[PDB]
Structure formats: C-alpha cells, structure tokens
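Letters A, B, C, D and E name the chains as they come in the text, with residue numbers starting at 1 for each one.
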C-alpha cells in the first residue's frame, strides 16, 4: 500500500467512537488518504472543507474518484493533532450534513447575481471563515454539538475518529451532482504558549472510503 | 410525561395560523384584471419558517381554507373559485383564459354565504421528503450558464400554486377581501439541524448582512448578578 | 406500480370538467322565449372527445350538476327546472307546453339559493355498449334514399336530452347564466383503436380537410442533434 | 334532528370527490353485460405494445410524409455517422410524440422505469455488412466517433441475424442520447440494389409507469 | 333527512379541531416511505443533548464574540470569586437562551423537573490547583464567601480528574443562583502559560418536560 517509499508512522491508540451505534450499510478499500498539513496559529479562526468535490484531488483513489459517479462505502475519518506536553489549546471537530455554504452579500445594495465561481472554488487547500461565529452562513456556532462531533483537548488527547454512513436527499443518490457533507474545525479557546517555543501546531486528517462507481449513459 | 400528547412533534406543529393575504378590491391597481394568484411561501413568515430549519429532512401535509368578507365585514351573494395548480399545469394568464375550464385541474364551486369551506392536499413532492436546502444549483437542467425558464420553479422542490377568480360574465358588484389559513395533519422529520437565530436579509435565501447583532446582551459582566 | 389506483382507466377518466354552456339572459335574441335546450355532445369538445377514440367499444355512466349565477355572480331568489328527455319522449316546443307537466318525464324542483345540486343518469343505451363509429347508414330505417325524420337522432346511439325552464306564471325578474359539469363513475372499454391526431374539420363527423399538417416538425435533420 | 353539528365546509364541491347520487330513473333495469373478446385493464399493458419510431424529418410536403418515418442508408458513407436519434425524453417533443408511448405519457407529469427498443433491417438477401448502435449515459459529453461510444454500453449489429438486435436502457428519469455509426463500410454484391431503407420499433418495459395526471391538450 | 337536529354551534371553526377533509386529488398515490438514519420522536430527546453555555458578556464587537462564550482564569486572583453564573431560569433571558434547551423551552409556558450540568477544564498537563462549585437554593440570601456557600450543596473540583466534575439540581420550578469561587490560589510551573480559559456544558435530565405551548417570536 506504499507509493514507492510512503510508509508513514501512524498511531495505534486511537480513541474509538461510534456514530449512533450504527455501522454503515451495503449497496443502497485499504488506501489511507493523506492531506497537506494545516498550521494552527494564535489568531487563526478555523477552517472548513467540502466533500466530495474537493476530496477528488488528494486521495490516490480520490483522484480517480473525479470520474466515478456513485459511491458505496463506509467512512472512517481520522483527525490527528500532534503537540507537545506543555502546549495549550482546544479544537472542535464536527460534521454538518447538508452544509450549505453561506455567501456574503455586502455593499450598499443588498443583491447579488448567481454565486461567482471564485467563491465556489476555494481550491484543494481549504478556506478560512470570515466571521466564524456564524460559520459564514448565519448559523450560530453555539449549536454545533447537536450534530455528531468530538472534543479535542491538548491536555487530554491527540487524535479523534468519526464514522458516518451515507445520508442523501434522495433514495437514489448522486455524489458528483449533490453535495453530501463537510467538516468543520474551529478553535474555542485560543492557543497559548511560552515565548520562544514552537508557534505552529500541525493538523492532519485521514479518511478511508471503500469504493465508488463509474455509471455512464449514452444516447 | 404521562400525558405527553400535547408535547409531541404533531402538537409542536398543530396550529392553524396566517399563511396568505390576498385582496381583490372592486377597483384599483393591485389587480385591475379581476383575479389574483398566490404562491405557497412558508418561508415568507419568519414565525413559521424558523420552526422548519430545526430539522433538515421533513415530511408534512396541509389543509387550506378560504374566507370572503367586505372591509366592513358584511356578507354578499357571490361565488369565488379556488383550484390547485400542479407544477406541470400552466397558470392562468387572463380572466377569460382557457385554463379555468381545464378538466385535469381540480376546482370547486363554493358559495361564500356558506360558512367557510376547507380543503386539503396530500403529499405532492416527487421526492421522498422535502428539502428546505438544496446544496447545489437551483435548476435541475443540464445547463449551468444561462437564465433558464425553469429557474425558481424547480420540479424537485415546488409544492403547487393557487389561483382565485369570480366566475360569471356579469360584472361583479361587491368588493372582496380574502384571508388564507393552513394547518398540517401528519408531520415527520428525520435529522435535526442547528437553529437559525440571526437576522434574516432575504425572503427565501439564507444570505445575511454584514451588520452583526447578538441574540442577547442583557448580562453586563460575569461578576455582576 | 403498487399504488396504481391513480393510474387506472377509472382515474384516467375521473375528472369533472366543462361540458355545457347555456345562457338565459333577461332580454335578448338567443332565447326570446324564456327557455333553452342542450343536446349531449361529448364530441363537441376536442379535449374530451380525443380520449374516447382510443377505444372503439366503451361503456360509461355520468352524473350532472347545475349552477345558477348572475353576470356579476350574485344569488337571487328564483327556481329553475331540469329534466331528462328519453329519445321516445317529445321535446318541449313552447314555454307553456304540455310537456312540462308530463308525469313520465322525470323532473325535479330545485332552489338555486341551495348550493348546487347534482343528479346522475344510468346506462340508457339499448345496445350493450356505446359505439362512437357506426360503419353504415346514420338512419336505422328501411329507406336509404330520403331525408327521414329520424336522421341525426337514431335510437341506437342517442343518449338523451335536457331542457331548462323557469316555472311560474309571474314574470322572471333576474338574468340567468347557467354552467354545466359532468363526470363518470363506471367506465369500461374493450378494444383499442389508433388515436385520432390530425386536425378536425367537423364537430361530430370525422371528415377532414385537404391542407395537411404534421403533428411534429421540430427536428430538422437526422445528423442535427 | 339528532344532536350533531357537522364541521364547517359541508357544501364544498370538488371534482375528486367519491360521491354517489340518486339515479334519475330509480326503476330502470340496465341491459345485461356481455362478453367481448376485447378487454382493457390499465394503461400499463397498452404501453407494452410495439409501435414504429421516426428519425428523418427533412421533407415536409404532403406527398412526402413516408420517407420521414424511415431513414436511408448508402454504401458511399463509411466509417462515420449515419443517424443520431434525438434525446431520450418521451414526454417532450422529438422522436417519441409520434408513437403511442409518448402521447399517452403526454397525459401525465413524471414517469420512471426502464425502456427497451428493437431494430429491424430491410436489406437484400445477398447483402452483408457491419453496423453499430451507440448509447451514451446522461451527463457525459457528446460522442466523437465509434471509439468513444464503444467505451460505454454499445450494441454491435450482425447481419447473420435479421432483427435479433435490440437495446435495453436500465434506467430513465438531462436527457440521454443514442446514435448510429458506421463500424465498417457497406458492401453489396453486383446485380443488387445499391441502397436500402431502415426502420425501427419501440415499446415500454414492465417496470415503466406514470405517477400524476396532467391537463395537456393541443388540438383542437 | 333522518330525524335529528344538531345542537347550535354546528359551524364553529376552531384551529384545535381534529377534523379530516376530502383530498383534492382522490386518485393520486403517495410516494413510498423510505428508511432514513435520522429520526425524531419528541422534544424530550432533543433536550437530552449536550450544548455549550456562555458566561462572559463584556465585549460586543463583531470580531469579539468568541471570548463571550468562555470566561478567563488567572493565577493572580485567589481566595475570591471568579465568575457568578446568572439566575437559573432557562425560559427568561440570561445564560440559557444561547443554548438549545432554553430556546425550545421558549416555545412553552411552564416546565418542571431536574437539571444537570457538566464542566470541562482546558489547562496545561503540568498545571494543578483547586476550584469550588457553589449552588444556593432559591430564597436564601446571596453568598458571601467560600465558607457560606460550603454550607449548602457544593461541588469541589479536583485536577486529578479532567472533566469528571458535574452538578445535578434536584428540582427547579424565584430563581436559584450558582457561582464559582477560588478555594485556593492557582499555581503553575515555570515555562508554562500563566493563564487559561474555561468552558462548560449543559443538558436536560430525563424527568424534564414542558406543559403548555406559548406563541412567542422575536425575529423577524
């Protein structure tokens, strides 16, 4: 499962958390996806990601998933945050189903045309929340915990896992046509550290879907 | 509790209230053609709208009633029409339109002197459940660059249309004021969604404005009681 | 499908729509005698007509209703009459005709202030099933050269006649506008017939005109998408 | 008289009602029902019958309608595209409003299921050649040549069989495209006609059905 | 027709009525019901979910909302009072209208039952200290110091446990008060941050329920 010399050092003591006590379902695999490391700063406000459209560029099978229409898999999402024993900080990880991105309509006139392609495409790196209190969507940040989530504390843990099945708007679902979900990471208490210490906190997220489907049609 | 009937989701949604307000004056400019139309906009009223975003996937039916009254509240001998317009069917365009006599469009003859009549419509959504948020494009067509005629009225979300007309070649003699009420019998939701609390800017689009207010600011300081 | 009730032939014919339109103005020339008549012409409206030729042999019942209204749509204190005329019975000829008081002709006294009443007629055809096309002579008589009095109204196909009258020696004081609706309860067909698609020329005779149009011409060429 | 008050809305008159009325003739006896060889049950079995389909629509003259319903084939054209049937959507205008299936679906709003088509060839007994049937799924771009279409679900025509060639669409619900391409050149023996004409048939599968009625009428 | 006269008040129209109406479409067949992983039964289980609570409300700037939901702690303050959570009444304005429990109770008039809260600490791994949780019953005067509050039901915080500290209110139905006090000074090892921030969680117990609905709406 190595691409030449890709044998990373991984943790063996993950904290197993189940989602609703329900494992995923059948039709209605060992490749571990790797994303670029995220830097957490004192003034940082949190990030967000959109799947599966942005996911089709980081994964080895994700790159091929650009051409795959349907999905049939179970999601084991691993979020990893390594830090020293004398660092301070707190992070929240959660999944918001049907997470509609809130566009911002400023200016003197409160009216805008169809959403611009610049806002729709933040890239494969991810984007920053303009006003993270409302998740840039007018949705209060106080209420995220009703949805599945996990508490990450530097003094307590260094990793977490989330397992979620496929929930879609229709019994017959399209992954390349309908946006499924997204991940939200936001700091609650700003990170603090002593003067001269390491000011960058690494963040890595790992997921391992099973497989997708090609589909196809002709006239 | 033991008597939890009044606390269920049905009871949490069991209330008939104001939904529509359409006026048909004898003479004016709001409707100089003798008829009007109303689109079902539950999201129009922030009172009933704020309830639904508590969940994302939901199913509900409805029943509708009509009341005819003068500005003073008198009763006059005339009849008014009501019909449900499915998304496929075309809306009326004139008072003498051919759509009034269409057989496939259900319509009822009602005398307003009779105390108000009420009708209900069952589940018309082609999908399994309603979705108040469609994470994608408003149009279901294959084109993503033009201003399609199907924009705004997509078959996957729209739930019908109503029209009102006074039938009769002889001219109507009385002014009309019409009020509309609706209520649900069966309501069922699946997944909760965090509640929408901040101020709204548009009538049906969750876009918001840059002036930030907080829901509460009563408490001054932590030390203060 | 599993819920195929809405897709059956009954549902394919389950709709009440416009069938008849007869006006009785207070003064005019359309009916200067105070009464009118209506023959049941389902083939008159191409909407409902085009449905029936999909089959050749068919059986159907019907129910009928009446609505009385002013040109403005007001309600007035008067009564109107409706009676079914079997083919054997004679039609009324004058307002003071003796046919109104005939006992064998069923008639009903109705107040129009009462919300509209509806009546139904069962299977009156002497034959086993209706035939919209009679491959022969319109008359059932033994003569095939003259203009017989039975031409047009043959006992094998006609399904009745209605008449309208306002009873009372005192003169009527109000104008009348009358609208007629019909619907079927039991419908049953045996043999399909190819659908009639091209333009119609006559109101009840399938003869057509020499100017040929095609039902569709949207597609330009085979190579063109 | 008996103590009970009906809720308001007693005399509402809607067409959908399942109401029964007193007969105008309470003493007439209906004619006995007979057995007729013809019989109709639903709209599904009527959709299960085969009917012809049309492709070419170039000429419009009154004495020229017949060459519309069929499309020609010639040996000069080779390694290319002969005819491209329009987008697969029976309700809308295009190919299918000519046949019975689309017109009956015209009285309905939405439908779902699977569709199948069969093809018949009208060449000479001494003729031979190769033909290709191309189907592309919705969403995918337009086909370029025989190679691109061959990647997807395609049907290859053999002239060892007369009309055994048939296609089945697994699902239809923006619209799919089907086209015909020249896999090889058309070869004909000497002393035989140099061209032929092609016809096709279509029908509906078992799982095809409609959901909601529509008030649609065009003429008159 | 049948002899029975309904008592007066036949056509009264009240919203609460359990009336059933004739469908506008008597022939349509509804779409089949599917199974969805999400499912909702009542408002009680939705109250049984945990959500954050807020204490500090000094700053009001748009880019300054986050430090409201949490309150700071410093080693300089000792043997005193850090934060006093406002009066315990979820329906009214104060702490609880930010969380889900109070807002849903906002659609109701009166409620009864028991409430519980849990506390989480976000200090460094090398830090230690002692903390006190104070609850006073309604009616009783305001607390003066740690000694007066210690007489009643109090919870003592241990840093040998991370977030095992929790409080349960036996009954709530003018309003009770809860406060936080410094049992001992905050001591920190050298080379570690000199201050931290504190967050808390809240939820509803099994026996918590509402009785009567209220027509309450604020925006818009």
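Assume contacts are C-beta pairs under 8 Å (C-beta built on N, C-alpha and C of every residue); 3 or more make two chains touch, one makes a residue touch a chain.
Colleague: Could you find the chain whose CA centre sits the greatest distance from that of chain E?
Modeller: Chain C.
Colleague: Relative to the centroid of every protein C-alpha atom displayed, which chain's own C-alpha centroid is closest?
Modeller: Chain closest to the assembly's C-alpha mean: B.
Colleague: Taking contacts as defined above, which has more of them, A-E or A-D?
Modeller: More contacting C-beta pairs are found at A-E.
Colleague: In whole angstrom, how far does the Cα centroid of chain B sit from the Cα centroid of chain D?
Modeller: Computed value for the inter-centroid distance: 38 Å.
Colleague: Quick one: chain B and chain E, Cα centre-to-centre, how many Å?
Modeller: 34
Colleague: At what distance in angstrom does the C-alpha mean of chain E lie from that of chain D?
Modeller: Comparing mean C-alpha positions, chain E is 62 Å from chain D.
Colleague: Spell out, as numbers or ranges, the residues of chain D touching 2 or more other chains.
Modeller: In chain D, the residues touching two or more other chains are 8-16, 84, 87, 138-139, 175, 177, 211-213.
Colleague: Scan chain C for residues touching two or more other chains and write them down.
Modeller: Those would be 1, 4, 6-7, 11, 14-17, 47, 115-116.
Colleague: Where in chain A do residues touch at least two different other chains?
Modeller: 131, 133, 140, 143, 146, 167, 171
Colleague: Would you mind giving me the full set of chain pairs in touch?
Modeller: A-B, A-D, A-E, B-C, B-D, B-E, C-D, C-E, D-E
Colleague: Give the list of chain E residues in touch with chain B in this complex.
Modeller: So the residues of chain E in touch with chain B come to 11, 13, 15-16, 19-25, 28, 30-34, 36-44, 46, 55-58, 60, 62, 65, 68, 71, 81-84, 86-87, 93-95, 97-98, 100, 103, 107, 142, 177, 209-213, 217, 219-220.
Colleague: Applying the document's contact rule, which stretches of chain C touch chain D when the two form their complex?
Modeller: 1, 4, 6-9, 11-12, 14-17, 46-47, 50, 55-57, 63, 65, 84, 106, 115-116, 118-129, 181, 183, 185, 188-192, 195, 197, 199-200, 212, 214-225
Colleague: Which of the residues in chain A end up touching chain E in this complex?
Modeller: Listed in rising order, the residues are 20, 22, 85-88, 90, 131-133, 140, 142-143, 145-146, 151, 153-156, 165, 167, 171, 188-190, 192-194.
Colleague: What residues on chain B touch chain C, complex-wise?
Modeller: Those in contact with chain C are residues 76-79, 101-104, 109, 111, 113-114, 166-173.
Colleague: Under the definition above, what is the set of chain C residues touching chain B in their complex?
Modeller: Residues 15-18, 23, 47-48, 67, 69-76, 115-116, 175, 177, 179 of chain C touch chain B in their complex.
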